[PDB]
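These notes concern the structure reproduced below.
Note on naming: letters A, B, ... go to the chains in the order of the sequence lines (proteins, then strands), and numbering restarts at 1 for each one. As a basis for the values below, the full set of heavy atoms in this structure was taken, side chains included, without hydrogen atoms, waters or symmetry mates.
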Amino acid sequence: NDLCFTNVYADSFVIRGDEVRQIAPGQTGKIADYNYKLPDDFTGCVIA
Amino acid sequence: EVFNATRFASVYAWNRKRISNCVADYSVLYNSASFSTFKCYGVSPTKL
(Lines give C-alpha, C1' and ligand atoms only; values in the text may rest on other atoms or scores of the structure.)
Protein backbone atom coordinates (compact mmCIF):
# COMPACT_ATOMS: atom_id res chain seq x y z
CA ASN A 1 0.00 0.00 0.00
CA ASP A 2 2.72 2.48 0.94
CA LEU A 3 4.74 1.98 -2.27
CA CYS A 4 4.19 3.96 -5.46
CA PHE A 5 5.00 2.05 -8.66
CA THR A 6 6.39 3.42 -11.92
CA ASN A 7 6.05 0.83 -14.74
CA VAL A 8 3.42 -1.84 -14.11
CA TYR A 9 2.15 -4.49 -16.50
CA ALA A 10 -0.63 -7.06 -16.14
CA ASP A 11 0.01 -10.40 -17.82
CA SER A 12 -3.04 -12.57 -18.48
CA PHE A 13 -3.28 -16.25 -19.39
CA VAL A 14 -5.23 -19.42 -18.62
CA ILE A 15 -3.31 -22.52 -17.49
CA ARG A 16 -4.38 -25.82 -16.01
CA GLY A 17 -4.34 -26.54 -12.28
CA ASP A 18 -1.07 -28.47 -12.15
CA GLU A 19 0.94 -25.71 -13.85
CA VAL A 20 0.21 -22.85 -11.43
CA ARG A 21 3.49 -23.68 -9.67
CA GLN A 22 5.29 -23.26 -13.01
CA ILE A 23 4.63 -19.49 -13.06
CA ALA A 24 7.57 -18.70 -10.77
CA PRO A 25 11.21 -17.68 -11.31
CA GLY A 26 13.32 -20.82 -11.67
CA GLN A 27 10.57 -23.40 -12.27
CA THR A 28 10.43 -25.49 -15.45
CA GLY A 29 7.88 -27.38 -17.49
CA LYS A 30 5.91 -26.88 -20.67
CA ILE A 31 4.44 -23.63 -19.31
CA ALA A 32 7.70 -22.05 -18.06
CA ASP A 33 9.85 -23.06 -21.02
CA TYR A 34 7.67 -22.93 -24.15
CA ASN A 35 4.82 -20.59 -23.15
CA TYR A 36 5.67 -18.01 -20.48
CA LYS A 37 9.01 -17.61 -18.69
CA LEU A 38 9.51 -15.28 -15.70
CA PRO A 39 12.91 -13.59 -15.25
CA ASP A 40 15.26 -14.71 -12.51
CA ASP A 41 15.49 -11.24 -10.95
CA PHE A 42 11.73 -10.81 -11.05
CA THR A 43 10.04 -8.17 -8.94
CA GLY A 44 6.28 -8.45 -8.75
CA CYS A 45 3.47 -10.77 -7.80
CA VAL A 46 1.62 -13.59 -9.58
CA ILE A 47 -2.09 -13.82 -8.75
CA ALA A 48 -3.90 -17.03 -9.73
CA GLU B 1 8.09 -48.45 -16.75
CA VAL B 2 8.54 -45.99 -13.87
CA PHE B 3 5.85 -43.42 -14.75
CA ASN B 4 2.93 -45.39 -16.23
CA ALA B 5 3.43 -48.38 -13.99
CA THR B 6 0.18 -50.34 -14.07
CA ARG B 7 0.99 -52.41 -10.97
CA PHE B 8 2.60 -49.84 -8.69
CA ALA B 9 4.26 -50.46 -5.34
CA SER B 10 2.74 -49.76 -1.92
CA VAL B 11 4.25 -47.42 0.67
CA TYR B 12 4.99 -49.91 3.47
CA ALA B 13 6.96 -52.11 1.03
CA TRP B 14 8.13 -49.69 -1.66
CA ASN B 15 10.06 -50.60 -4.79
CA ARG B 16 13.60 -49.60 -5.74
CA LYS B 17 14.46 -49.77 -9.45
CA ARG B 18 17.98 -49.14 -10.74
CA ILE B 19 18.32 -46.99 -13.89
CA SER B 20 21.50 -47.29 -15.93
CA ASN B 21 22.97 -46.78 -19.40
CA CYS B 22 20.40 -44.44 -20.96
CA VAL B 23 19.45 -40.80 -21.56
CA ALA B 24 16.94 -38.86 -19.45
CA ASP B 25 14.65 -36.95 -21.83
CA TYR B 26 12.50 -34.87 -19.49
CA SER B 27 10.58 -33.38 -22.44
CA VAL B 28 8.89 -36.72 -23.15
CA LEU B 29 7.46 -36.96 -19.64
CA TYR B 30 5.17 -33.91 -19.66
CA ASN B 31 3.86 -34.50 -23.18
CA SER B 32 0.95 -36.53 -21.79
CA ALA B 33 1.52 -36.48 -18.00
CA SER B 34 1.03 -33.64 -15.52
CA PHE B 35 3.05 -33.71 -12.30
CA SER B 36 1.63 -32.14 -9.15
CA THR B 37 4.78 -31.65 -7.03
CA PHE B 38 8.11 -31.71 -8.90
CA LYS B 39 10.19 -30.83 -5.85
CA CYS B 40 13.94 -31.04 -6.55
CA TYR B 41 16.59 -30.98 -3.81
CA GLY B 42 20.22 -30.09 -4.48
CA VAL B 43 19.77 -29.85 -8.27
CA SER B 44 17.81 -27.09 -9.97
CA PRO B 45 15.19 -28.09 -12.57
CA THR B 46 16.73 -25.68 -15.10
CA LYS B 47 20.17 -27.34 -14.93
CA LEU B 48 18.82 -30.89 -14.88
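- The two residues A:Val8 and A:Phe5 have their closest heavy-atom pair at CG2-CB, 3.6 Å.
- Here the closest non-hydrogen pair linking B:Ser27 and A:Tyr34 is CB-OH, 4.3 Å.
- The side chain to side chain contact (heavy atoms under 4.5 Å, CB included) test applied to A:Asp41 returns A:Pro39, not counting sequence neighbours.
- Distance check, rounded to the nearest 0.5 Å: SG of B:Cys40 to CD of A:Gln27 gives 8.0 Å.
- Surrounding CG of A:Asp11 are more than 12 heavy atoms belonging to other residues, nucleotides or ligands, all under 6.0 Å away.
- At distances below 3.5 Å, at least one donor-acceptor pair connects side-chain atoms of A:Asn35 with backbone N or O atoms of A:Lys30.
- Closest heavy-atom contact between A:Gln22 and A:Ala32: O-CB, 3.3 Å.
- Counting heavy atoms of neighbouring residues, nucleotides and ligands inside a 6.0 Å radius, atom CG of B:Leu48 exceeds 12 of them.
- Here ring-ring contact (aromatic ring centres under 6.0 Å, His included) pairs that include residues 19-48 of chain B, with residues two or more places apart or in two chains, are B:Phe3-B:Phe35, B:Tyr26-B:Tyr30, B:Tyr26-B:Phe38.
- Residue A:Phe42 belongs to a hydrophobic cluster whose other members are A:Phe13, A:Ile15, A:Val20, A:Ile23, A:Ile31, A:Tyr36, A:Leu38, A:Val46, with links defined by side-chain heavy atoms closer than 4.5 Å.
- In this structure a side-chain-to-backbone donor-acceptor pair under 3.5 Å is missing from A:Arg21 to B:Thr37.
- Between A:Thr28 and B:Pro45, the shortest heavy-atom distance links the atoms OG1-CB, 3.3 Å.
- A:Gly26 approaches A:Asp40 most closely through the heavy-atom pair N-OD1, 4.4 Å.
- Atoms CD1 and CD, on B:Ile19 and B:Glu1 in that order, are 10.0 Å from each other to the nearest 0.5 Å.
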